[PDB]
Amino acid sequence: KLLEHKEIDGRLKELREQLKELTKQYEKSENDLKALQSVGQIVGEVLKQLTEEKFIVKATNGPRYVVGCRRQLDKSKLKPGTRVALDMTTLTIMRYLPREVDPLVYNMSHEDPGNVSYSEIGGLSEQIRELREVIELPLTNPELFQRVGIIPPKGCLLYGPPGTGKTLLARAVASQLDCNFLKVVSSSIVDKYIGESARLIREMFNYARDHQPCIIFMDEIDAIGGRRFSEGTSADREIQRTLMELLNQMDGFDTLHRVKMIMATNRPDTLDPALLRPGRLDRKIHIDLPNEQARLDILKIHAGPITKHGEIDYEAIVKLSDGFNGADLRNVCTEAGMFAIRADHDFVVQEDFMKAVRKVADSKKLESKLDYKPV
Amino acid sequence: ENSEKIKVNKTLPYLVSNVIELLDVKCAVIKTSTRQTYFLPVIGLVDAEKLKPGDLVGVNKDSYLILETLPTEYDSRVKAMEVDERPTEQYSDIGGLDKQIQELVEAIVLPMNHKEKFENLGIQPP
Amino acid sequence: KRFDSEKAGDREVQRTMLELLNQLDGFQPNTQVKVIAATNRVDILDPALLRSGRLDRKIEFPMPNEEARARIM
Ligand SMILES: Nc1ncnc2c1ncn2[C@@H]1O[C@H](COP(=O)(O)OP(=O)(O)OP(=O)(O)O)[C@@H](O)[C@H]1O
Ligand SMILES: [Mg+2]
Ligand SMILES: [Mg+2]
């Protein structure tokens with residue numbers, strides 16, 4: 001009649017909606033059941049084409065096999081070296097694959113969250129301009145250097161005292177620029193296996209060669225570097241081979257194009273006199289302890305974001321800080337807050353800053369101030 | 001389906017493998033802990049985004065297929081260096097080192113319980 | 001301390017230190033793990049390990065003078 005089931009329709013709709021959602025999950029589950037019948041496939045690379053239906057493929061675990069090829073798969077992209085997946089039971093190529101990227105290499109690229117700007121690395125102004133002349137300029141206006149006739153330098157070694165701006169400068173270009181930037185610890189690329197240490201370097205440049213405009217920032221290089229002992233140890237000739245591979249892929253029989261390398265070290269004297277030869281590490285920046293002018297510039301950056309009060313004099317700190325490389329200057333700021341935090345002060349003054357300049361200088365006599373320049 | 005789904009998992013023995021490259025031509029290439037590589041066309045009973053290159057994933061022993069994402073593993077040596085039985089030595093037990101005990105508690109313990117204080121003054125803890 | 005030389009040497013241990021150096025402060029501003037180090041010979045330490053970014057508050061522990069020996073007992 002006038003009412004009928006209009007009011008009762010509410011209960012039916014609510015019950016149906018709850019039950020309707022349950023059936024939705026059933027469709028999702030069926031998708032999983034459709035994947036339980038798909039088996040894996042052995043992975044190997046094609047070596048040669050004996051005939052149209054016979055191939056020589058070496059699984060990248062074990063032996064070499066002569067196997068067939070799926071009819072549909074085209075037989076023109078299966079060139080020697082191409083990675084191909086093979087069936088588990090009757091070994092037969094069923095798909096050509098892109099060149100693999102070692103998971104270490106993947107982790108070597110998507111690394112930096114720091115986002116450091118050029119305005120934070122004070123004191124090093126001429127050095128940055130010199131470093132940008134071998135990373136940015138050759139990769140944006142190559143026609144300039146084709147005029148004179150020179151080939152832009154490949155490498156770059158950033159050495160200096162232990163505590164100046166080297167890694168900070170490297171991270172600066174990492175946050176800037178619009179090219180692939182490989183970051184490597186330079187000591188996490190060595191493992192205990194017979195050849196895995198060397199393979200990680202072949203892939204590093206192989207990925208660099210594949211992805212053009214790339215920069216390979218090998219960090220502290222005294223690890224995988226060295227002086228190539230004569231009469232070394234059993235597990236030291238192996239690290240030597242890895243150096244001889246990173247060494248040969250820099251300047252060897254196949255010139256590497258559009259891949260620039262940046263290396264840093266706090267002791268550029270233990271390096272083999274082959275890694276330092278011009279052609280491999282052409283330019284040798286010499287990031288040094290900040291000068292009187294630079295020292296003042298350093299303080300502002302790290303002493304800027306501080307709840308200061310009063311005529312905080314940066315001129316006083318600089319004269320009393322000779323040899324303060326690049327961190328005790330930032331230690332001076334952080335230590336000063338420590339003095340301020342004592343006495344329950346949200347209140348930093350000049351005296352606290354001075355009271356931290358000596359406390360850091362006192363804790364510096366126990367270092368060994370050595371230059372240790374390359375040769 | 002659940003009865004059949006459990007049947008593959010019911011074979012509890014898995015073969016731990018590390019994901020090498022989560023190719024999108026949503027497939028995955030794994031490297032079982034036997035020095036064998038594979039090209040699982042279908043990821044399996046796991047999300048295609050929860051798997052990042054290098055993660056530890058279990059695999060069916062016979063028909064290699066990802067079934068679960070095991071928690072990250074650490075060397076047995078490194079796990080044995082985490083203290084569970086806390087030593088009992090109050091600060092009152094140490095004598096003479098008063099100006100130095102305080103200097104440590106204010107650089108390794110205090111910055112761990114009063115983060116609201118350093119961030120108020122904008123000084124990175126030592 | 002790191003050590004330059006030909007005709008044999010020791011860099012296996014040096015890599016572990018070089019990995020400690022970068023892990024403590026390098027290409028990553030980790031700020032939740034606090035490092036405490038103990039040593040009774042600071043002259044032998046590598047200058048790189050005594051920076052300001054790495055272990056920072058270098059405490060000196062002196063012998064008891066004339067009263068610490070009273071409380072110490
Ligand atoms: N010009 C500068 N401006 C700002 N901070 C600087 C500067 N120079 C050095 N620093 C400080 O140096 C600290 C560490 O620098 P970095 O690790 O790059 O140096 P390093 O010890 O020579 O490097 P590595 O040992 O990795 O080769 C940074 O936290 C930064 O505060
Ligand atoms: Mg350094
Ligand atoms: Mg070579």
# chains A, B, ... in the order shown; residues from 1 in each chain; ligands from 1
>>> residues_around(residues="segment 71-79 of chain B", least_positions_apart="6", cutoff="9 Å", atoms="only C-alpha atoms", output="list in words")
residues 55, 56 and 57 of chain B
>>> residues_near_ligand(ligand="ligand 2", cutoff="12 Å", atoms="only C-alpha atoms and all ligand atoms", output="number ranges by chain")
A: 158-170, 219-222, 263-268, 287-289, 325-327; C: 18, 21-22, 24-27, 46-54
>>> write_last_selection(atoms="N, CA and C atoms", output="compact mmCIF listing (two decimals), in the first residue's frame")
# COMPACT_ATOMS: atom_id res chain seq x y z
N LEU A 158 89.83 12.96 -4.70
CA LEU A 158 89.66 13.98 -3.67
C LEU A 158 90.36 13.49 -2.41
N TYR A 159 91.59 13.94 -2.20
CA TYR A 159 92.34 13.56 -1.02
C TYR A 159 92.50 14.75 -0.08
N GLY A 160 93.12 14.50 1.06
CA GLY A 160 93.34 15.54 2.03
C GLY A 160 93.34 15.02 3.46
N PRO A 161 93.47 15.94 4.41
CA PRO A 161 93.50 15.54 5.81
C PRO A 161 92.20 14.87 6.22
N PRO A 162 92.25 14.02 7.24
CA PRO A 162 91.05 13.27 7.63
C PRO A 162 90.05 14.10 8.40
N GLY A 163 89.16 14.79 7.69
CA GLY A 163 88.17 15.61 8.36
C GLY A 163 87.80 16.87 7.61
N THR A 164 88.45 17.11 6.48
CA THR A 164 88.07 18.21 5.61
C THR A 164 86.79 17.81 4.87
N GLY A 165 86.38 18.62 3.91
CA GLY A 165 85.20 18.26 3.14
C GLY A 165 85.52 17.43 1.91
N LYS A 166 85.39 16.11 2.03
CA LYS A 166 85.51 15.21 0.89
C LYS A 166 84.19 14.49 0.62
N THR A 167 83.68 13.75 1.60
CA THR A 167 82.40 13.08 1.42
C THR A 167 81.26 14.08 1.34
N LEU A 168 81.36 15.18 2.09
CA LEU A 168 80.35 16.23 1.98
C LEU A 168 80.29 16.79 0.57
N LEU A 169 81.46 17.04 -0.03
CA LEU A 169 81.48 17.53 -1.40
C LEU A 169 80.90 16.51 -2.36
N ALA A 170 81.26 15.24 -2.19
CA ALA A 170 80.74 14.20 -3.07
C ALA A 170 79.22 14.10 -2.96
N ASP A 219 84.07 5.38 -2.78
CA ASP A 219 84.48 6.01 -1.53
C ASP A 219 85.84 5.47 -1.14
N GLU A 220 86.23 5.62 0.12
CA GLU A 220 87.60 5.39 0.55
C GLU A 220 88.21 4.22 -0.20
N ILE A 221 89.30 4.50 -0.92
CA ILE A 221 89.84 3.58 -1.91
C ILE A 221 91.10 2.89 -1.43
N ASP A 222 91.54 3.16 -0.20
CA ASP A 222 92.66 2.42 0.35
C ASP A 222 92.32 0.95 0.59
N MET A 263 86.80 9.57 -6.77
CA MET A 263 87.37 8.76 -5.71
C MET A 263 87.88 9.65 -4.59
N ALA A 264 87.78 9.16 -3.36
CA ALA A 264 88.23 9.90 -2.19
C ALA A 264 89.09 9.01 -1.33
N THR A 265 90.03 9.62 -0.62
CA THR A 265 90.93 8.88 0.25
C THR A 265 91.58 9.84 1.23
N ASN A 266 91.81 9.36 2.45
CA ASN A 266 92.50 10.11 3.48
C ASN A 266 93.99 9.80 3.52
N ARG A 267 94.46 8.89 2.67
CA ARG A 267 95.88 8.52 2.61
C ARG A 267 96.22 8.17 1.18
N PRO A 268 96.32 9.16 0.32
CA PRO A 268 96.62 8.94 -1.10
C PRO A 268 98.10 8.68 -1.37
N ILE A 287 91.68 18.85 -1.25
CA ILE A 287 90.89 19.46 -0.18
C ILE A 287 91.73 19.49 1.09
N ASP A 288 91.95 20.69 1.63
CA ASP A 288 92.86 20.89 2.74
C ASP A 288 92.13 21.49 3.93
N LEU A 289 92.86 21.62 5.03
CA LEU A 289 92.30 22.25 6.22
C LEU A 289 91.92 23.69 5.90
N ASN A 325 89.96 20.88 11.37
CA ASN A 325 89.83 20.50 9.97
C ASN A 325 88.46 20.84 9.39
N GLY A 326 87.43 20.08 9.73
CA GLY A 326 86.12 20.41 9.21
C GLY A 326 84.97 20.02 10.10
N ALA A 327 85.27 19.36 11.20
CA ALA A 327 84.23 18.82 12.06
C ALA A 327 84.30 19.37 13.47
N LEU C 18 88.05 0.52 7.89
CA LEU C 18 87.52 1.43 6.88
C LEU C 18 86.02 1.29 6.72
N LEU C 21 84.62 3.15 9.75
CA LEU C 21 84.68 4.59 9.58
C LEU C 21 83.50 5.10 8.77
N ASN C 22 83.22 4.47 7.63
CA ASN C 22 82.16 4.97 6.77
C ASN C 22 80.80 4.69 7.39
N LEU C 24 80.00 4.59 10.59
CA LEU C 24 79.74 5.55 11.66
C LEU C 24 79.25 6.88 11.11
N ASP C 25 80.00 7.45 10.16
CA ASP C 25 79.61 8.73 9.57
C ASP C 25 80.16 8.73 8.14
N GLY C 26 79.33 8.33 7.19
CA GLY C 26 79.68 8.47 5.79
C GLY C 26 78.51 8.20 4.86
N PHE C 27 78.20 9.16 4.00
CA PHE C 27 77.12 9.05 3.02
C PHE C 27 75.80 8.66 3.67
N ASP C 46 94.37 5.04 14.40
CA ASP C 46 94.43 5.72 13.12
C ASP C 46 93.89 7.14 13.27
N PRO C 47 94.57 8.15 12.72
CA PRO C 47 94.04 9.52 12.84
C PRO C 47 92.64 9.67 12.31
N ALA C 48 92.21 8.81 11.39
CA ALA C 48 90.87 8.92 10.84
C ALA C 48 89.81 8.55 11.87
N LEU C 49 90.16 7.72 12.85
CA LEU C 49 89.18 7.26 13.83
C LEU C 49 88.97 8.24 14.97
N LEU C 50 89.76 9.31 15.03
CA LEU C 50 89.67 10.31 16.08
C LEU C 50 89.26 11.67 15.53
N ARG C 51 88.34 11.68 14.57
CA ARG C 51 87.82 12.92 14.02
C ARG C 51 86.80 13.50 14.99
N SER C 52 86.03 14.48 14.53
CA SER C 52 84.89 14.97 15.28
C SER C 52 83.58 14.32 14.86
N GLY C 53 83.40 14.03 13.57
CA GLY C 53 82.22 13.32 13.14
C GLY C 53 82.13 11.92 13.70
N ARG C 54 83.25 11.22 13.76
CA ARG C 54 83.32 9.93 14.43
C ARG C 54 83.38 10.20 15.93
>>> residues_near_ligand(ligand="ligand 3", cutoff="12 Å", atoms="only C-alpha atoms and all ligand atoms", output="PDB file with C-alpha atoms, in the first residue's frame")
ATOM      1  CA  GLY A 225      93.301  -0.102  -3.840  1.00  0.00           C
ATOM      2  CA  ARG A 228     100.164  -4.597  -4.941  1.00  0.00           C
ATOM      3  CA  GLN A 240      94.896  -7.426  -5.965  1.00  0.00           C
ATOM      4  CA  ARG A 241      92.981  -8.963  -8.865  1.00  0.00           C
ATOM      5  CA  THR A 242      89.934  -6.836  -8.085  1.00  0.00           C
ATOM      6  CA  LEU A 243      92.149  -3.764  -8.300  1.00  0.00           C
ATOM      7  CA  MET A 244      93.511  -5.035 -11.614  1.00  0.00           C
ATOM      8  CA  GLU A 245      89.905  -5.210 -12.857  1.00  0.00           C
ATOM      9  CA  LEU A 246      88.770  -1.810 -11.614  1.00  0.00           C
ATOM     10  CA  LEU A 247      92.106  -0.657 -13.019  1.00  0.00           C
ATOM     11  CA  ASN A 248      91.628  -2.071 -16.519  1.00  0.00           C
ATOM     12  CA  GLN A 249      88.017  -0.931 -16.942  1.00  0.00           C
ATOM     13  CA  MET A 250      89.139   2.674 -16.387  1.00  0.00           C
ATOM     14  CA  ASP A 251      91.553   2.958 -19.327  1.00  0.00           C
ATOM     15  CA  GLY A 252      91.878  -0.287 -21.259  1.00  0.00           C
ATOM     16  CA  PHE A 253      91.187  -1.701 -24.702  1.00  0.00           C
ATOM     17  CA  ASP A 254      87.610  -0.317 -24.751  1.00  0.00           C
ATOM     18  CA  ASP A 272      99.180   1.681  -6.461  1.00  0.00           C
ATOM     19  CA  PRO A 273     101.127   3.817  -8.962  1.00  0.00           C
ATOM     20  CA  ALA A 274      98.709   2.706 -11.665  1.00  0.00           C
ATOM     21  CA  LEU A 275      95.505   4.060 -10.159  1.00  0.00           C
ATOM     22  CA  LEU A 276      97.178   7.472  -9.794  1.00  0.00           C
ATOM     23  CA  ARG A 277      98.531   7.600 -13.343  1.00  0.00           C
ATOM     24  CA  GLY A 279      94.455   8.925 -17.748  1.00  0.00           C
ATOM     25  CA  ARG A 280      92.780   6.969 -14.955  1.00  0.00           C
TER      26      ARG A 280
END
>>> interface_residues(of="chain B", to="chain C", cutoff="7 Å", atoms="only C-alpha atoms", output="JSON, numbers by chain")
{"B": [95, 96, 100, 108, 126]}
>>> atom_distance(atom1="atom CA of residue 89 of chain B", atom2="atom CA of residue 20 of chain C")
29.1 Å
>>> closest_residue(among="C:10, C:44, C:2, C:15", to="chain A", atoms="only C-alpha atoms")
C:15
>>> interface_residues(of="chain A", to="chain C", cutoff="6 Å", atoms="only C-alpha atoms", output="number ranges by chain")
A: 162, 223, 229-232, 270, 327-328, 367
>>> closest_residue(among="A:144, A:320, A:306, A:299", to="chain B", atoms="only C-alpha atoms")
A:306
>>> interface_residues(of="chain B", to="chain A", cutoff="8 Å", atoms="only C-alpha atoms", output="list in words")
residues 1, 5, 8, 20, 21, 35, 36, 37, 38, 39, 40, 41, 42, 44, 45, 53, 54, 63, 64, 65, 120, 121, 122, 123, 124, 125 and 126 of chain B
>>> write_last_selection(atoms="C-alpha atoms", output="PDB file, in the first residue's frame")
ATOM      1  CA  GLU B   1      40.710 -23.250  -2.763  1.00  0.00           C
ATOM      2  CA  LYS B   5      46.398 -23.377  -1.316  1.00  0.00           C
ATOM      3  CA  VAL B   8      51.559 -26.285  -1.562  1.00  0.00           C
ATOM      4  CA  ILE B  20      67.789 -10.498  -7.560  1.00  0.00           C
ATOM      5  CA  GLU B  21      65.769  -8.331  -9.949  1.00  0.00           C
ATOM      6  CA  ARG B  35      73.753 -21.009  -6.683  1.00  0.00           C
ATOM      7  CA  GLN B  36      70.857 -21.423  -9.124  1.00  0.00           C
ATOM      8  CA  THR B  37      69.042 -18.528 -10.793  1.00  0.00           C
ATOM      9  CA  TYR B  38      65.434 -18.577 -11.981  1.00  0.00           C
ATOM     10  CA  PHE B  39      62.784 -16.436 -13.682  1.00  0.00           C
ATOM     11  CA  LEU B  40      59.549 -17.024 -11.781  1.00  0.00           C
ATOM     12  CA  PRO B  41      56.959 -15.678 -14.256  1.00  0.00           C
ATOM     13  CA  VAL B  42      54.404 -15.148 -11.472  1.00  0.00           C
ATOM     14  CA  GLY B  44      53.478 -16.031  -6.152  1.00  0.00           C
ATOM     15  CA  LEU B  45      51.642 -15.647  -2.871  1.00  0.00           C
ATOM     16  CA  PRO B  53      65.697  -6.330  -4.694  1.00  0.00           C
ATOM     17  CA  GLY B  54      67.763  -8.253  -2.175  1.00  0.00           C
ATOM     18  CA  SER B  63      58.286 -25.774  -8.256  1.00  0.00           C
ATOM     19  CA  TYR B  64      60.226 -22.658  -7.331  1.00  0.00           C
ATOM     20  CA  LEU B  65      57.729 -19.970  -6.345  1.00  0.00           C
ATOM     21  CA  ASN B 120      64.491  23.026  20.966  1.00  0.00           C
ATOM     22  CA  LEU B 121      68.024  24.442  20.643  1.00  0.00           C
ATOM     23  CA  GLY B 122      68.857  22.932  17.242  1.00  0.00           C
ATOM     24  CA  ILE B 123      72.123  21.172  18.132  1.00  0.00           C
ATOM     25  CA  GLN B 124      72.795  17.734  16.698  1.00  0.00           C
ATOM     26  CA  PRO B 125      73.690  15.402  19.574  1.00  0.00           C
ATOM     27  CA  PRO B 126      77.354  14.404  19.774  1.00  0.00           C
TER      28      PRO B 126
END
>>> atom_distance(atom1="atom CA of residue 255 of chain A", atom2="atom CA of residue 282 of chain A")
14.7 Å
>>> closest_residue(among="A:301, A:312, A:190, A:200", to="ligand 1", atoms="only C-alpha atoms and all ligand atoms")
A:301
>>> select_by_dssp(residues="segment 7-126 of chain B", states="helix (DSSP H, G or I)", output="NGL selection string")
:B and (7-10 or 76-79 or 91-93 or 98-113 or 115-121)
>>> write_last_selection(atoms="N, CA, C and O atoms", output="compact mmCIF listing (two decimals), in the first residue's frame")
# COMPACT_ATOMS: atom_id res chain seq x y z
N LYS B 7 47.94 -26.82 0.55
CA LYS B 7 48.64 -28.04 0.15
C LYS B 7 50.05 -27.73 -0.33
O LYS B 7 51.00 -28.44 0.01
N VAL B 8 50.22 -26.67 -1.13
CA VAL B 8 51.56 -26.29 -1.56
C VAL B 8 52.36 -25.76 -0.38
O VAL B 8 53.53 -26.11 -0.20
N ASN B 9 51.75 -24.90 0.44
CA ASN B 9 52.43 -24.46 1.65
C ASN B 9 52.58 -25.59 2.65
O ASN B 9 53.54 -25.60 3.43
N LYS B 10 51.66 -26.56 2.64
CA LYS B 10 51.75 -27.67 3.58
C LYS B 10 53.07 -28.40 3.44
O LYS B 10 53.53 -29.02 4.41
N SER B 76 75.03 -15.09 12.95
CA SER B 76 74.88 -15.61 14.30
C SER B 76 75.84 -14.94 15.27
O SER B 76 75.51 -14.77 16.45
N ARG B 77 77.03 -14.57 14.81
CA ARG B 77 77.97 -13.87 15.68
C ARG B 77 77.41 -12.53 16.13
O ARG B 77 77.51 -12.18 17.31
N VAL B 78 76.79 -11.78 15.22
CA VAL B 78 76.30 -10.46 15.56
C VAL B 78 75.13 -10.50 16.53
O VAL B 78 74.94 -9.56 17.30
N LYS B 79 74.32 -11.56 16.50
CA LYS B 79 73.20 -11.65 17.42
C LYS B 79 73.64 -12.03 18.83
O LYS B 79 72.93 -11.72 19.79
N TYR B 91 75.64 3.52 39.31
CA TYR B 91 76.64 4.57 39.17
C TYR B 91 77.37 4.84 40.48
O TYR B 91 78.50 5.34 40.46
N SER B 92 76.75 4.53 41.62
CA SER B 92 77.39 4.72 42.91
C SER B 92 78.55 3.75 43.14
O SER B 92 79.34 3.97 44.06
N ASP B 93 78.66 2.70 42.33
CA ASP B 93 79.75 1.75 42.45
C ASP B 93 81.07 2.33 41.96
O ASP B 93 82.12 1.98 42.50
N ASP B 98 83.69 11.09 38.66
CA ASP B 98 82.43 11.83 38.74
C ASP B 98 82.29 12.86 37.63
O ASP B 98 81.22 12.98 37.04
N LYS B 99 83.35 13.60 37.34
CA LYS B 99 83.33 14.55 36.24
C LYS B 99 83.29 13.86 34.88
O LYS B 99 82.92 14.51 33.89
N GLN B 100 83.63 12.58 34.82
CA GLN B 100 83.62 11.84 33.56
C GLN B 100 82.38 10.98 33.39
O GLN B 100 81.92 10.81 32.26
N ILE B 101 81.84 10.43 34.48
CA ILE B 101 80.59 9.69 34.37
C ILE B 101 79.47 10.61 33.90
O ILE B 101 78.67 10.25 33.04
N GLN B 102 79.41 11.82 34.46
CA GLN B 102 78.40 12.78 34.03
C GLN B 102 78.58 13.15 32.56
O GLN B 102 77.60 13.21 31.81
N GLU B 103 79.82 13.38 32.14
CA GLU B 103 80.06 13.76 30.75
C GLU B 103 79.59 12.69 29.78
O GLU B 103 79.19 13.03 28.65
N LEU B 104 79.62 11.42 30.17
CA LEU B 104 79.11 10.34 29.34
C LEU B 104 77.59 10.22 29.38
O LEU B 104 76.97 10.04 28.33
N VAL B 105 76.99 10.31 30.56
CA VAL B 105 75.54 10.21 30.66
C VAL B 105 74.85 11.33 29.91
O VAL B 105 73.71 11.17 29.46
N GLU B 106 75.51 12.47 29.75
CA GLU B 106 74.95 13.61 29.04
C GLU B 106 75.26 13.58 27.55
O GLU B 106 74.84 14.49 26.83
N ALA B 107 75.97 12.56 27.07
CA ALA B 107 76.25 12.42 25.65
C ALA B 107 75.77 11.10 25.07
O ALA B 107 75.70 10.99 23.84
N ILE B 108 75.44 10.11 25.89
CA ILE B 108 74.97 8.83 25.39
C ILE B 108 73.64 8.40 25.98
O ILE B 108 72.93 7.58 25.38
N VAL B 109 73.22 8.93 27.13
CA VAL B 109 71.96 8.56 27.76
C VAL B 109 70.97 9.71 27.72
O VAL B 109 69.82 9.55 27.30
N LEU B 110 71.38 10.90 28.16
CA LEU B 110 70.48 12.04 28.16
C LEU B 110 69.95 12.36 26.77
O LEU B 110 68.73 12.51 26.62
N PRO B 111 70.78 12.46 25.73
CA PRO B 111 70.25 12.71 24.38
C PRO B 111 69.31 11.63 23.89
O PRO B 111 68.71 11.80 22.82
N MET B 112 69.16 10.53 24.62
CA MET B 112 68.26 9.46 24.23
C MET B 112 66.91 9.51 24.92
O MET B 112 65.99 8.80 24.51
N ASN B 113 66.77 10.33 25.97
CA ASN B 113 65.52 10.45 26.69
C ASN B 113 64.93 11.85 26.66
O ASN B 113 63.76 12.01 27.02
N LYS B 115 64.98 14.10 23.80
CA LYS B 115 65.09 14.61 22.44
C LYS B 115 64.39 15.95 22.28
O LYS B 115 64.77 16.74 21.42
N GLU B 116 63.38 16.21 23.11
CA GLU B 116 62.68 17.49 23.04
C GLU B 116 63.59 18.66 23.39
O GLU B 116 63.25 19.81 23.09
N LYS B 117 64.74 18.39 24.01
CA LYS B 117 65.62 19.46 24.48
C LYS B 117 66.60 19.88 23.40
O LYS B 117 66.77 21.08 23.15
N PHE B 118 67.27 18.92 22.76
CA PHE B 118 68.19 19.26 21.68
C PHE B 118 67.46 19.90 20.51
O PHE B 118 67.94 20.87 19.92
N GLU B 119 66.28 19.37 20.14
CA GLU B 119 65.56 19.94 19.01
C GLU B 119 65.05 21.33 19.30
O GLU B 119 64.82 22.11 18.37
N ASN B 120 64.85 21.67 20.58
CA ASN B 120 64.49 23.03 20.97
C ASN B 120 65.62 24.01 20.70
O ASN B 120 65.36 25.15 20.30
N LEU B 121 66.87 23.59 20.88
CA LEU B 121 68.02 24.44 20.64
C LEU B 121 68.70 24.20 19.30
O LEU B 121 69.60 24.96 18.94
>>> select_by_dssp(residues="chain B", states="strand (DSSP E)", output="PyMOL selection string")
chain B and resi 17-21+29-32+36-38+56-59+66-68
>>> write_last_selection(atoms="C-alpha atoms", output="mmCIF file, in the first residue's frame")
data_model
loop_
_atom_site.group_PDB
_atom_site.id
_atom_site.type_symbol
_atom_site.label_atom_id
_atom_site.label_comp_id
_atom_site.auth_asym_id
_atom_site.auth_seq_id
_atom_site.Cartn_x
_atom_site.Cartn_y
_atom_site.Cartn_z
ATOM 1 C CA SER B 17 66.377 -17.501 -1.938
ATOM 2 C CA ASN B 18 67.259 -13.840 -2.388
ATOM 3 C CA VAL B 19 65.354 -11.790 -4.952
ATOM 4 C CA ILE B 20 67.789 -10.498 -7.560
ATOM 5 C CA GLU B 21 65.769 -8.331 -9.949
ATOM 6 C CA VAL B 29 64.347 -13.333 -10.840
ATOM 7 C CA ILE B 30 65.550 -15.218 -7.773
ATOM 8 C CA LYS B 31 68.844 -16.796 -6.707
ATOM 9 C CA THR B 32 68.151 -19.817 -4.518
ATOM 10 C CA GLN B 36 70.857 -21.423 -9.124
ATOM 11 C CA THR B 37 69.042 -18.528 -10.793
ATOM 12 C CA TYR B 38 65.434 -18.577 -11.981
ATOM 13 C CA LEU B 56 64.954 -12.871 1.655
ATOM 14 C CA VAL B 57 62.078 -14.941 0.265
ATOM 15 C CA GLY B 58 61.145 -18.577 0.727
ATOM 16 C CA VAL B 59 60.593 -20.732 -2.341
ATOM 17 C CA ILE B 66 57.731 -17.236 -3.713
ATOM 18 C CA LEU B 67 55.502 -18.060 -0.749
ATOM 19 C CA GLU B 68 56.577 -15.780 2.116
#
>>> atom_distance(atom1="atom CA of residue 52 of chain A", atom2="atom CA of residue 81 of chain A")
17.1 Å
>>> closest_residue(among="A:117, A:109, A:25, A:82", to="ligand 1", atoms="only C-alpha atoms and all ligand atoms")
A:117
